[PDB]
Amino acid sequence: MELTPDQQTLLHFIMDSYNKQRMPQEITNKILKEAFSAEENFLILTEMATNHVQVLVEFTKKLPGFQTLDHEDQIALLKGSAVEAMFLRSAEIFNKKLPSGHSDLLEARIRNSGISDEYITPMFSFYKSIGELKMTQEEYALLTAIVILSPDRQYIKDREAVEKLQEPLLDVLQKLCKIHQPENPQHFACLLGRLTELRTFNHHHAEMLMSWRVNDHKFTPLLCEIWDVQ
C-alpha cells in the first residue's frame, strides 16, 4: 500500500528532474501581462515549445534505464511523446491557482492566440478534465515519465525493454493515487484514461500550428525535427 524505500527514491529522483522545467508563473505572467497579436503569440509559442523540448530531452535522459535502450528506440520514444508531454504540461499550468479573475483572463487570452476555434475547444475540454482530477506535482511528474516510456509507440523495435522501464513508474503512481485520493478508488484508472485522450493532440498538431493567423510559420530547427512542420 505504502511506498517502499526504492519507490520513495525513484519518486524523489523523478521530482528533482521534473522541477528543472520553466516555472508555470513565468508562462502565465507573460500571457496575463499584455494582450499580444497573433504574430507575437506564434513566436511566444515557438520559444516556449523549444525550451520545453530541450528540458524534456534532459528529463528523458535521466529516466532510469533510458540510456541503456536502443538508440533508434530512444529517438522514437522522444518523437512519439513530445507533443503529449507539451499538452500535459500546458494542462498543469492552466490548472495552477491564480488570483480571482486571472484564470478567466488566461482562458480568454488563449482563445485569442491566433489558432482556429476548432482546435481551442478540445484543448480546454482536456485542461478542465485534468483539473477536476486535482493532480499533485508528483502525479504530473510520474504521468509525464509514463507518457515518455510508452512501449506502444510506432517504430519501436524492443517493446519489452520499454515496458520493463514503465512498469516501476506505474507501480509508484498507483500507490500515490491510493494515498492522495483514497475517497476515489477510480483515480489511477482516470489518470491512465487521460493518457489515452492526450494522444488525440498528435494527429492534427501540424494542422493546428499551420492554422495560426500569421504570414510566415517559422519554426526552430529543433521544433522541425520533433514536430511534422516545414
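We call the rigid core whatever largest set of C-alpha positions still superposes within 1.5 Å between the two forms. The first residue of the sequence shown is number 1, and the count goes up from there.
Between stretches 32-40 and 57-65, the one whose Cα atoms sit farther from the displayed model in 9 other deposited structures of this protein on average is 32-40 (core-aligned, root mean square). The stretch that strays farther, by root mean square C-alpha distance over structures and residues in 9 other deposited structures of this protein after a rigid core fit, is 200-208, when 200-208 is set against 178-186. Stretch comparison (137-145 versus 108-116) by mean CA B-factor in the PDB entry places 108-116 on top. Of the two segments examined, 22-30 and 49-57, it is 22-30 that shows the higher average Cα temperature factor in the deposited entry. As recorded in the PDB entry, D70 shows the highest C-alpha B-factor of the residues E163, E39, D70, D171.
Comparing C-alpha B-factors across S17, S211, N215, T220 in the deposited entry, the largest value falls on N215. Ranked by Cα temperature factor within the chain, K175 sits in the middle third according to the deposited record. Ranked against the other modelled residues of its chain, the C-alpha B-factor of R194 as given in the entry falls in the middle third. The PDB entry assigns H203 a C-alpha temperature factor belonging to the highest third of its chain's modelled residues. In the PDB entry, a CA B factor belonging to the middle third of its chain's modelled residues is recorded for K79. When the modelled residues of the chain are ordered by their C-alpha B factor, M123 lands in the middle third.
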